[PDB]
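# Chains, contacts and geometry: an overview
So the chains spell out like this:
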Amino acid sequence: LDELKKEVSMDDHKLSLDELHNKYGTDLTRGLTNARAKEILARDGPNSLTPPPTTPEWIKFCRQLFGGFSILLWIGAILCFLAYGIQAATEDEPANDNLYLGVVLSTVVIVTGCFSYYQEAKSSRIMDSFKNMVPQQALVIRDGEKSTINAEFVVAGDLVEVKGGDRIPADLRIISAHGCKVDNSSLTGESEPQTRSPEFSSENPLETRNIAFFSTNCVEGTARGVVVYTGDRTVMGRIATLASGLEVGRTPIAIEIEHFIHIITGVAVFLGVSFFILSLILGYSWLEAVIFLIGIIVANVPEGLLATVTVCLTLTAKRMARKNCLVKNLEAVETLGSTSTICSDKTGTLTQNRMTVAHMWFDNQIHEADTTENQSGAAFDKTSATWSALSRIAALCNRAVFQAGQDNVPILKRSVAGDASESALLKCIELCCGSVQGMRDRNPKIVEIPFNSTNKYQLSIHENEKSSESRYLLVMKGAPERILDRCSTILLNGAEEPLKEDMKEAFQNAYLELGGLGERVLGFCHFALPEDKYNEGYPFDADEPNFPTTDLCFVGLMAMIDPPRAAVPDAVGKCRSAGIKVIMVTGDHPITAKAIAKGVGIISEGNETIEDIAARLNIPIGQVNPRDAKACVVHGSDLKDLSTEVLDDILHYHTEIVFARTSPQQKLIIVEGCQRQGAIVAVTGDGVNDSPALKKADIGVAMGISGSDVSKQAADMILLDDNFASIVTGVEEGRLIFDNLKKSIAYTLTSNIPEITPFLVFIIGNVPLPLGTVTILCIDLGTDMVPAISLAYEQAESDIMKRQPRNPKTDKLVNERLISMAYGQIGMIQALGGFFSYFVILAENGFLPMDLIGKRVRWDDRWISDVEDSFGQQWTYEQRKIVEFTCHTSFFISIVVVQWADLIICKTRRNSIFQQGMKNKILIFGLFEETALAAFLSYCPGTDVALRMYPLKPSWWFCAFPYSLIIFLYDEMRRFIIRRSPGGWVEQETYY
Amino acid sequence: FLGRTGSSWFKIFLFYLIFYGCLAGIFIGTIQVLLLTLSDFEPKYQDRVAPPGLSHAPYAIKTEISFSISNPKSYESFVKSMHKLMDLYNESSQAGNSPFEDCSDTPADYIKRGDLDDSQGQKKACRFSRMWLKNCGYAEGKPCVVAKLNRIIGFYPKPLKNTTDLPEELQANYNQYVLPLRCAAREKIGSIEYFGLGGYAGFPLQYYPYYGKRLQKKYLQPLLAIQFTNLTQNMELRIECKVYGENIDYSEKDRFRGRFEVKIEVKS
Amino acid sequence: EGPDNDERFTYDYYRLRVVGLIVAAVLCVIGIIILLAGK
Ligand SMILES: *[C@@H]1O[C@H](CO)[C@@H](O[C@@H]2O[C@H](CO)[C@@H](O)[C@H](O)[C@H]2NC(C)=O)[C@H](O)[C@H]1NC(C)=O
Ligand SMILES: CC(C)CCC[C@@H](C)[C@H]1CC[C@H]2[C@@H]3CC=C4C[C@@H](O)CC[C@]4(C)[C@H]3CC[C@]12C
Ligand SMILES: *[C@@H]1O[C@H](CO)[C@@H](O)[C@H](O)[C@H]1NC(C)=O
Ligand SMILES: [K+]
Ligand SMILES: [K+]
Ligand SMILES: [K+]
Ligand SMILES: [Mg+2]
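Residues numbered from 1 in each chain as written, not as in the entry; some residues may be left out. Chains lettered and ligands numbered in written order. Heavy atoms only, no water.

### Some words on the overall build of chain B
Where we set the bar: Every helix listed is a DSSP run of H or I at least four residues long, and every strand listed is a run of E at least two residues long, numbered separately from the N terminus. Just to be clear, the radius of gyration here is over C-alpha atoms, and the globule rule we use is 2.2 Å times residues to the power 0.38. Relative accessibility under 20% of the residue-type maximum defines a buried residue, over 50% an exposed one, and the middle range a partly exposed one, all with a 1.4 Å probe and only protein chains included. A 1.4 Å probe and the Shrake-Rupley method give the accessible areas. Residues count as covered only by the protein chains that appear here. Neither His nor the chain ends is counted toward charge; the positive residues are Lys and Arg and the negative residues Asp and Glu. Charged side chains are reduced to one point each, which is NZ for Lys, CZ for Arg, CG for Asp and CD for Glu.
Helix and strand content of chain B: two helices and ten strands. Walking chain B from its N terminus toward its C terminus, one meets helices and strands in the order α-β-α-β-β-β-β-β-β-β-β-β. Here the C-alpha atoms of chain B give a radius of gyration of 25 Å, more than 25% beyond the 18 Å that 2.2 N^0.38 yields for 268 residues. Its C-alpha atoms put chain B at 85 × 50 × 40 Å along the principal axes. The buried share of chain B, reckoned over its 268 residues, is 47%. Approximately 13900 Å² of chain B is accessible, and the part contributed by carbon and sulfur atoms is 54%. Counting 35 positive and 28 negative side-chain charges, chain B places the centres of these two groups 7 Å from one another.

Put into structure tokens, the structure is as follows:
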């Protein structure tokens, strides 16, 4: 469906103005007829974007109500009402058991539904942001007259007019223009104004001057044009549809959840029906056969687990909110940890998005300035008298000014009225020479010649601030070579000197080096005009050369670039140390893209492209073995004629990849290419041209300050302070939460065994029921909750940023090793500790373990109010039941006591508690509150009716203590083996 | 295979065999020590049987014994359980001076055979003739229910003293030696008739305290036969038999805590 | 005692409940203290 939109567009900028009118039945001068425009409206439809059909929240909520655990809990809830119905008909049961348990279980499903619904959130308003880029109104020429109309009423063929400050209402063929410049950052991510004129200037319509696009704005001048595309058919309207239309897809974390749901659901249905038939064979009435099944359901399903996961995710997202990293989708909290490839935009993401002075060439020396936002570098020069001469030209031969009321904000961050290069120079001098306004007050400008297309230079004449002179100084800047052809002397370390071929060659060298760094280079020179030839009232003519512009003194060079953000180089290296592959994907030109790649460490030192090898060896590129080149730089124009299989080979064959001059669909294609190889991919960006890629990414991260509204709609995560170091933190947090989820899951599952085994022995042994159904829910929904959550606050056991990204195909959240430990080893020890306390309670009340076998028949018989114990005493029905429920209560408390040790062992997968310590305060809180809850549930009056919880005698609490301790020792010995031999036996069997 | 290789499948079996073996051996060990802390003659706790329960022979479907006099197999179900109990009170079961003793044919005081020790043989229990149960196949019309006080080791059932008012106000009040049992329904549409030891409507105190199964096997607890020769027919009659005493109490939950709940209906 | 051994069939479930609830409360307070050591 969207495969059409993933392709490069076709256009009609090649046609003549006249020819273009024939195609759209239009007038170049009079414009369309009121009738013809209305006709075309009904024909083509409105100049608007329609949002894609969404899934209502209704269906979204209910889709969770049927996912493995909820299905089993539904079967339980209904099976409760089943047994209740069968009762209400047969023998009038005045009880509330099956009825209430059926109500409780149905509530558990609904509430669990809210948790998973909260986790599976999708806040997407892509198409809405795009719609915000179409103006409310447009100016059209109809019947030879200009009028403002609803922009939706704009059709292909009419004559539109735009001017500085307004949004392009539709894709236009420029037919007339006067000084028109446009901001195409929507399509390129670059905000430098692009001229628009009627002349065709490139085969590529996205590069030609005679096309203006919807989603962009006119920055200055005026233009008229013929509408060629409207609504969904515009270049960026299609990007809108592509972006808004892209199928979301399941996250890595989501896939893991479903996976263990299958496992646990599997064992649940297995043991469920495996013992349902095992009971009927033993001659159990279907009346009972279902009651046992309900218990089996409740025992096997970890009722509180899915909600635990959600809370652990939420708590991890809260910590990241506190580092200026907003998470829109709870699952995106983990994806960053599983990320193996980052596709990053350059401008406004890796870079500050601001022309900044990078180097200066004066005194036959290359000086480097500090490009960082917060200025974390050092000085270059202050002493040289040459510097002050260059500094003066940079301030004086400059027409840029700071906007009013910025004195509060830092120099480099403040808004400037002017072109990017003049702003850069302004901020450079203001920083290291103080107020520039002061320099422009001490040296009043009397005449100037602003930068001309033809002159290729800008000159200014000022009253020298010096009192002993107060004469006229000439300054000029422009193209380095043009400035050179106008110089005779060079200000070396203070004093001038003739411009010999020697210094002239050093100039060329300096010029070539700076240009090689992808930096824009300017020349600077001045000339102190002779006093006798220029009186204090001498008039200077700016129109006609009234003053010399030759034999001037060359002062120096200055170079500039849109520099990396301070934290970016280090963040890139850190991603790469964690084994994450970092690719650059930018709408910017290749020379600039490549230079920043080396600056931030995308391309490491020494690595070459095929073009680099060819130039170094002075040989044809076809003569170069492409396998000798680990780095590559792909232009979008070449990308366009490559198949995906060939794109896949590029991705496979290079470690250091730069995709430059890419369109928005091309970014999507590169992302998909990476994913196709089985990689989890993150995208980082800030422009509307990142929207499709951000949507398709497993996780999209947008910049918060510099980011466009669209990009932040398309993302899963926002960096609110533009701190790229947050990606590094995000991946670290993502890995940590993945491990801690394992700990929390194992902990929760472990207590399933002591809830399952009592029901089994109840059938096979014919003893009184050791633990009840209600009692199970008091564990999974009550006591285990805070402890399970607390594992989310566990510190790393080792340097997680030192390991490679997990293999999502092999490294699962819940594997066989977890089940073996939780179900086969620790849970089994917990089961016994439960049974022990059960036998203790009964034996101390007169029913010794031996006489318990095959007694349930008489025990449950409501009409036998005289059962004989081991000592020959006789018990009524309600009397023995009180002891039985007291058994449920102590078995319950036994679970809590054995979960103490389990909580401590689940703390660490490898390390010892004596190494990791007990610095998790939430965990300790869990221990205290868990025990408080259990005690309250046993001793609070009335709980014997609502939950069948009975007061325990002090000695009862200590039954499971020896089992709780064996768990601690056992797991500590086991992990001691793991560490002592990384070989594999204990490791490959039990290492979560 | 599914998971691993044969070598791995073996090792995982050798482990869980030794592992579960140890766990079973430990579990058994903790059961040993538990038993080691307990007496053979007396349970550690008795507060959960404390107030004695009162149970009868007619096995009630739901605290009810409804049947038809004009039908044979209508009551043959209740006669099965009635027989089961009384079959134990046979004279052939109580033979010789061992381990039985002839006790007062009239309600007497308690009898202490020492302590809950094995320092003596089987503590000798009082004989009880089912022949003390006058009038009661059993009552084919108007049932002859048999009551019973639940056995509790070392329990001395203490009758109420005639200090103040009483339900069966002072009638045949053998204050010193009889634990009374008065059945009731207002709703007085019946005819209560009690049979027991010495002809009294109670339990003779000479059968106490019970020394337990280990120290007193073949022991016999006193019975109290109750006959309802009601002149009514074809209606559910809620009859409650209540025992009175200092150590006797009741509960709204446990409807068998020192009392009966019988729903007789001679639907004939 | 002899016939006056009523205490054998008695248990102070009332005190046990009072003590049990005291303990539960204090464990609840202790937990808050440790948690609130930083929020
Ligand atoms: C306990 O006493 C009952 C009294 O009914 C015995 O029942 C006797 O059963 C035999 C054989 O079935 C009959 O011939 C008699 O008529 C019954 N009564 C009597 C008085 O002998 C019963 O057998 C006795 N049980 C034991 C174990 O001795
Ligand atoms: C109540 C009692 C009788 C039930 C005992 C169940 C035992 C036999 C179960 C419980 C957990 C189970 C193990 C759980 C995990 C694994 C790892 C997997 O890669 C192979 C199977 C294996 C090794 C299972 C084998 C059987 C097992 C040990
Ligand atoms: C009980 O049986 C005796 C004979 O043993 C008889 O005289 C008497 O009438 C019976 N009593 C009743 C109330 O039927
Ligand atoms: K469970
Ligand atoms: K995404
Ligand atoms: K559980
Ligand atoms: Mg950008």
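### Description of the coordination of the potassium ion (ligand 4)
Residues and elements named next belong to chain A. Note the threshold: Each metal site lists N, O and S donors within 2.8 Å (3.2 Å for Na, K and Ca). With water left out of the atoms, a site can look as if it is missing ligands. Here the metal geometry follows the donor angles, with tetrahedral for four donors whose angles all fall between 85 and 135 degrees, square planar for four and octahedral for six when opposite donors are more than 155 degrees apart and every other angle is between 65 and 115, and irregular for all the rest.
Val-298 (O), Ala-299 (O), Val-301 (O), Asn-752 (OD1), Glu-755 (OE) and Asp-780 (OD) make up the full set of protein donors to the potassium ion (ligand 4), lying at 2.8 to 3.0 Å. Taken together, the six donor atoms coordinating the potassium ion (ligand 4) span angles of 68 to 175 degrees at the metal, a pattern that classifies the geometry as irregular. Site description for the potassium ion (ligand 4): donor spacing in sequence, V-A-x1-V-x450-N-x2-E-x24-D. Between the two metal centres, the potassium ion (ligand 4) and the potassium ion (ligand 6), the spacing is 4.1 Å, with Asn-752 acting as a shared donor. Here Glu-755 lies in helix α28 (residues 753-765) and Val-301 lies in the loop between α10 (286-300) and α11 (305-321), a separation of 454 residues in the sequence. Note on accessibility: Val-301 and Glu-755 belong to one class, buried.

### Topic: the site of ligand 1
Residues and elements named next belong to chain B. Under the convention used in this document: When at least one non-hydrogen atom of a residue lies within 4 Å of a molecule or strand, that residue is treated as near it. By the criterion applied in these results, polar contacts are pairs of N or O atoms within 3.5 Å in which, for protein atoms, one can donate a hydrogen and the other can accept it, and in which residues neighboring in sequence qualify only through two side-chain atoms. Amino acids are sorted into nonpolar (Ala, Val, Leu, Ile, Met, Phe, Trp, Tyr, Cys and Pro), charged (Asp, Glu, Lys and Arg) and polar (every other residue, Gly among them).
In the region of ligand 1, the neighbouring residues are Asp-87, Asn-90, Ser-92 and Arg-130. Contacts to ligand 1 include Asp-87, whose side-chain N or O atom sits 2.7 Å from a nitrogen atom. One nitrogen or oxygen atom from the side chain of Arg-130 is found 3.3 Å from an oxygen atom belonging to ligand 1. The protein chains hide 24% of the 570 Å² of surface that ligand 1 would expose on its own. Across the shell around ligand 1, the residue classes break down as no nonpolar, two polar and two charged.

### Quick word on the interface of chain A and chain C
The condition that has to hold: By definition, residues are in contact when any of their heavy atoms lie within 4.5 Å. Two parts placed together each lose some accessible area under a 1.4 Å probe, and the buried area is that loss summed for both. One side-chain nitrogen of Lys or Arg within 4 Å of one carboxyl oxygen of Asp or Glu is enough to make a salt bridge.
Contact with chain A, which involves 18 residues of that partner, is made by 14 residues of chain C. Between chain A and chain C lies a buried interface of about 1500 Å² when both sides are counted; carbon and sulfur atoms form 77% of it. On inspection of chain A and its partner chain C, the count reaches one salt bridge. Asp-944 of chain A is the salt-bridge partner of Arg-17 of chain C, the closest N and O atoms lying 4.0 Å from each other. Linking chain A with chain C are zero residue pairs in polar contact. With eleven residues, the single largest contributor to the side of chain A that touches chain C is helix α36 (residues 921-939) of chain A. The residue makeup of the side of chain A that touches chain C, split by class, is 13 nonpolar, one polar and four charged.

### Some words on the sheet that holds strand β5 (residues 178-184) of chain B
Residues and elements named next belong to chain B. Selection criterion: Note on pairing: DSSP must find at least two bridges between two strands before they are called paired. The axes used here are C-alpha line fits, helices contributing only the stretch in contact, and every angle between their N-to-C directions lies in the interval 0 to 180 degrees.
What the five strands build is an open sheet, ordered β1-β10-β9-β5-β7; its pairing is mixed. Looking at which strands have only one partner, the edges of the open sheet turn out to be β1 (64-67) and β7 (202-204). The mean angle between the axes of side-by-side strands here comes to 20 degrees, regardless of whether they run parallel or antiparallel. Looking at chain direction, β5 and β7 are connected through three bridges and run antiparallel. Residue pairing across strands places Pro-180 opposite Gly-202, the latter belonging to β7.

### As for the nonpolar core
The tendency in soluble globular proteins is for nonpolar side chains to be buried side by side. Put simply, the rule is: Think of a nonpolar core as a cluster: buried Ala, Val, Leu, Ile, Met, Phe, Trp, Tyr and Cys residues, connected wherever their side-chain atoms sit within 4.5 Å.
With 174 residues, the main nonpolar core has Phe-260, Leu-813 and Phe-892 of chain A as its most contacted residues. Residue contacts for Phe-260 of chain A: discarding those within four places in its chain leaves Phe-69, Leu-305, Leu-306, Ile-745, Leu-813 and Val-814 of chain A. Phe-41, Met-86, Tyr-208 and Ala-225 of chain B belong to the second-largest nonpolar core, a separate cluster that totals 58 residues.

### Regarding the interface of chain B and chain A
With 48 residues of chain B at the interface, the matching set in chain A holds 43 residues. Both faces considered, chain B and chain A share a buried interface measuring about 4100 Å² in area, 57% of it formed by carbon and sulfur atoms. The tally of links between chain B and chain A comes to eight salt bridges. With a closest N to O distance of 3.0 Å, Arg-151 of chain B and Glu-868 of chain A form a salt bridge. Counting across the chain B and chain A interface gives 21 residue pairs in polar contact. For the side of chain B that touches chain A, the element with the most residues is helix α1 (residues 6-36) of chain B, which contributes 14 residues. The class makeup of the residues in the side of chain B that touches chain A is 25 nonpolar, ten polar and 13 charged.

### Let's talk about the domain arrangement of chain B
Put simply, the test is: Start and end points for every domain follow an automatic or database-based domain assignment.
Split by domain assignment, chain B resolves into domain 1 (1-38) and domain 2 (39-268). The straight-line distance from the C-alpha centre of domain 1 of chain B to that of domain 2 of chain B is 50 Å.

### Section: the packing of helix α34 (residues 877-905) of chain A against helix α38 (residues 961-980) of chain A
All names here are of chain A. Which entries qualify depends on this criterion: Roughly parallel here means an angle under 35 degrees, roughly antiparallel means over 145, roughly perpendicular means 65 to 115, and every remaining angle is called oblique. Each crossing gets its hand from how the near helix is turned against the far one by less than a right angle, where anticlockwise is left-handed and clockwise is right-handed.
The N-to-C vectors of α34 and α38 enclose an angle of 15 degrees; their axes lie 7 Å apart at closest approach. For the element pair α34 / α38, the angle class is roughly parallel. Every pair of crossing elements has a handedness; the one defined by α34 and α38 is right-handed. Across the interface between the two elements, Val-897, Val-898, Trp-900, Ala-901, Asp-902, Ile-904 and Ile-905 from α34 touch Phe-961, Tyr-963, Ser-964, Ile-967, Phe-968, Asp-971 and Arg-975 from α38. Residues belonging to the contact of α34 with α38 are distributed by class as follows: ten nonpolar, one polar and three charged.

### Regarding the environment of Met-235 of chain B
Residues and elements named next belong to chain B. Inspection of the secondary structure assignment puts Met-235 in the loop between β8 (223-228) and β9 (237-243). Sequence separation of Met-235 and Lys-267 is 32 residues, and the distance between their C-alpha atoms is 6.9 Å. Contact partners of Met-235, with chain neighbours within four places excluded, come to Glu-187, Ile-264 and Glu-265.

### So, unusual backbone geometry
A cis amide bond links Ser-98 of chain B to the next residue, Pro-99 of chain B, at an omega of -5 degrees. With respect to the helices, strands and loops of the structure, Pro-99 of chain B is situated in the loop between α2 (76-86) and β2 (100-101). In the Ramachandran plot, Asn-324 of chain A falls in the positive-phi region, its phi being about 70 degrees despite a non-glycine side chain. Following the sequence through the fold, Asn-324 of chain A ends up in the loop between α11 and β8 (325-327). Backbone geometry places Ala-172 of chain B, a non-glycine residue, at a positive phi of 45 degrees. Turning to its location among the elements, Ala-172 of chain B is positioned in the loop between β4 (146-148) and β5. In this structure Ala-172 of chain B comes out as exposed when scored by relative accessible area, which is 64%.

### Digging into the side chain of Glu-190 of chain A
Residues and elements named next belong to chain A. Structurally, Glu-190 can be placed in the loop between α7 (185-188) and β5 (194-195). Buried charged residue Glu-190 carries no salt bridge. Nearest counter-charge: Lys-346, at 4.1 Å. In this structure the side chain of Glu-190 is engaged in a polar contact, spanning 2.5 Å, whose partner is the side chain of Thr-347. Setting aside residues up to four positions removed in sequence, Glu-190 forms contacts with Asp-183, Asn-184, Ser-185, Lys-346, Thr-347 and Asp-588.

### Re the pattern of salt bridges
All names here are of chain A. This model, assessed by the stated rule, comprises 63 salt bridges over all chains. The closest approach of N and O atoms between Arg-36 and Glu-39, which form a salt bridge, is 3.3 Å. One end of the pair is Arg-36 and the other is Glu-39, both in helix α2 (residues 34-44) and three residues apart, which spans about a single turn. Judged by relative accessible area, which is 48%, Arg-36 ranks as partly exposed. Where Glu-608 meets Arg-616, a salt bridge forms, and the shortest distance between an N and an O atom there is 2.7 Å. Here the residues in one salt-bridge network are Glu-288, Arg-856, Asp-860, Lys-881 and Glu-884, joined through shared partners.

### As for the pairing of strand β11 (residues 365-368) of chain A
All names here are of chain A. For strand β10 (residues 356-362) and β11, the ladder comprises four bridges, and the chain directions are antiparallel. Paired with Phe-362 across the bridge in β11 is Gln-365. Connecting the antiparallel pair β10 and β11 is a turn made up of two residues, with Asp-363 showing a positive phi of about 60 degrees.

### Thoughts on the UniProt feature "transmembrane region" (unreviewed entry) in chain B
Rules: UniProt positions are given in the numbering used here, feature names are shortened, and annotations may be inferred rather than shown by experiment.
Here the UniProt-annotated "transmembrane region" (unreviewed entry) positions come out as residues 13-38 of chain B. The span residues 13-38 of chain B shows a helical share of 92% and a strand share of 0%, and its end C-alpha atoms are spaced 38 Å apart.

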